[PDB]
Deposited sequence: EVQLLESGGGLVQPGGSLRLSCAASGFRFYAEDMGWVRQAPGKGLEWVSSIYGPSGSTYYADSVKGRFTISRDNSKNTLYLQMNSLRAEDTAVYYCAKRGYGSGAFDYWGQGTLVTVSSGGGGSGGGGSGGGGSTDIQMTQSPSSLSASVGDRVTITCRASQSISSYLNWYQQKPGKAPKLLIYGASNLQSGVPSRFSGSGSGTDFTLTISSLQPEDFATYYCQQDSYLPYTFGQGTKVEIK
């Protein structure tokens, strides 16, 4: 089928370097937008870099600018992340991601690998999520809020992440339900204020939920909402 096959990582020393790689198979388009995300232990998903166009233009979060280089070979359908001058801050699970044609959103993800370390005058868009955590029961209704720092229309995505595993896209475009995703999950809003609703909470739905935008660089996730028992 379609899959991002990730490889690389391991234990390294401060000052050291590492190269992640991501091989796509089952691609039906040339040079779709790709990037890398990371998650520091007991922290939220963090966008690291993006690459876009046949030119292979790049963007990078402030934390890693200067040290990390994203690249890709569109021929061999492979994605690379060269990580230099690593610090203990860089300790995280790193995931590769690809933008899907059907959704417009990053909906194909590598399984992730642990790394351990022993302009135009544009505006950045920030996302605030509410609440941080909540505790509920099977059959409970749950709502989660997302406030963007700038009106971004309907360009807001919701993701579920279970611990260790790659995030899963539930809603794209503020309200369009991703294919093969139960219809108890539903999204609303527009402009700056958005809402993910779970109508009847099920055992499998305990996880962390994140809002995210994919349209305006730099891409960001909100801080996440943990839904625990």
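Residues of the deposited sequence lacking C-alpha coordinates, numbered from 1, fall in the stretches 119 to 130, 242.
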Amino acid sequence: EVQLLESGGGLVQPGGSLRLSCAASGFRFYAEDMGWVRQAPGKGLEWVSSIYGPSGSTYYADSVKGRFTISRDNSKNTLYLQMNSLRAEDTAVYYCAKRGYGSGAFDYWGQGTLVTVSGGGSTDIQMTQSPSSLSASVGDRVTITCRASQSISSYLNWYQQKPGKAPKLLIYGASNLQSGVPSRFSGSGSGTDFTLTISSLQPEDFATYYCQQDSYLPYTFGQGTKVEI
From here on, numbers count along this sequence of modelled residues.
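In this crystal structure, the stretch out of 42 to 50 and 179 to 187 whose C-alpha atoms carry the higher mean B factor is 179 to 187.
Taking the mean C-alpha B-factor of each stretch as recorded, 119 to 127 and 150 to 158 are not equal, and the higher mean is that of 119 to 127. Based on the entry's C-alpha B-factors, the most elevated value among 13, 208, 21, 213 belongs to 13. Within the selection 163, 173, 35, 167, the deposited Cα B-factor values reach their highest point at 163. Among all modelled residues in this chain, the alpha-carbon of residue 70 has a temperature factor (C-alpha) in the lowest third. The entry lists a Cα temperature factor for residue 3 that places it in the highest third of the chain's modelled residues. The PDB entry assigns residue 31 a C-alpha temperature factor belonging to the lowest third of its chain's modelled residues. Annotation for residue 134: CA B-factor lies in the middle third of the chain's modelled residues.
In the PDB entry, residue 93 places in the lowest third of its chain by CA B-factor.
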